[PDB]
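*Asks:* fold the following and give me the result.
(one chain, ligands or ions: 1)
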Amino acid sequence: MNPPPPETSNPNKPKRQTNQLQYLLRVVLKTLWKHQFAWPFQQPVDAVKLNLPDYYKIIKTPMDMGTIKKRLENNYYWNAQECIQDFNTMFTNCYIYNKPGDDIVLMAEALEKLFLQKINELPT
Ligand SMILES: CC(=O)Nc1cc(Cn2ccnc2)c2cccc(O)c2n1
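*Replies:* Numbers count the residues shown, from 1 in each chain. Okay, here it is:
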């Protein structure tokens, strides 16, 4: 059984648009999205489809790039740091659920390096 995916809107949460959040959508996310190793991370983990019945028994803060993209499109975030924390939750989830050297981990590691390169300099 999959849990509900993370919210992409919340009327109790204030919205904001900043130059950095625009960049995180237009440049950072949409470039990572095209990476050859992006596809496992483009949607919430479907534990039923992927036969990972222990995934949500281990991962209690799920995050994926599909959710992040929708949050950026919704102006769900207050600032760029909030969005960056979601990326880091996504990468760390993969490292927590899996082991060093796993194919999926090698994929997340390559994406994390590209992500770090892209956020090294943000607009002002
Ligand atoms: C042990 C295990 O299956 N771990 C897996 C497998 C898949 C599905 N997958 C595998 C290769 N490409 C996509 C994952 C997909 C997304 C995030 C994960 O943490 C995953 N972890």
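
*Asks:* interface residues of this protein facing the ligand?
*Replies:* 40, 45, 50, 52, 94, 97, 98, 103, 104 (C-beta under 6 Å from any ligand atom). Placement of C-beta: from N, CA and C, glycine included.

*Asks:* now do the contacts for the closest residue to residue 59 other than its chain neighbours.
*Replies:* What sits nearest to residue 59 in space, not counting adjacent residues and going by C-beta to C-beta, 6 or more residues apart in numbering, is residue 93, at 5.0 Å. Counting by C-beta atoms under 8 Å, 6 or more residues apart in numbering, residue 93 makes contact with 59, 61, 62, 63.

*Asks:* of all the residues in whatever helix or strand residue 93 lives in, which ones are buried?
*Replies:* Assigned by DSSP states H and E, residue 93 belongs to helix 80-97. Using 16 or more other C-beta atoms under 10 Å as the test for burial, helix 80-97 gives 80, 83, 84, 86, 87, 89, 90, 91, 93, 94, 97.

*Asks:* stretch 57-73 too?
*Replies:* Buried residues in stretch 57-73 (16+ other C-beta under 10 Å): 59, 62, 63, 64, 65, 66, 67, 68, 69, 70, 71, 72.

*Asks:* contacting residues around residue 20?
*Replies:* By C-beta under 8 Å, 6+ apart, the contact set of residue 20 is 79, 80, 122, 123.

*Asks:* so what's the residue count around the last one?
*Replies:* Going back to what we said before, that points to residue 123. 12 (other C-beta atoms under 10 Å).

*Asks:* doesn't residue 23 make contact with it?
*Replies:* Yes - using C-beta atoms under 8 Å, residue 123 is in contact with residue 23, at 5.2 Å.

*Asks:* from the ligand, how far off is the closest residue to residue 69 other than its chain neighbours?
*Replies:* Nearest non-adjacent residue to residue 69, counting by C-beta to C-beta, 6+ apart: residue 29, 5.7 Å away. Using C-beta to the nearest ligand atom, to the nearest Å, we find residue 29 at a distance of 17 Å from the ligand.
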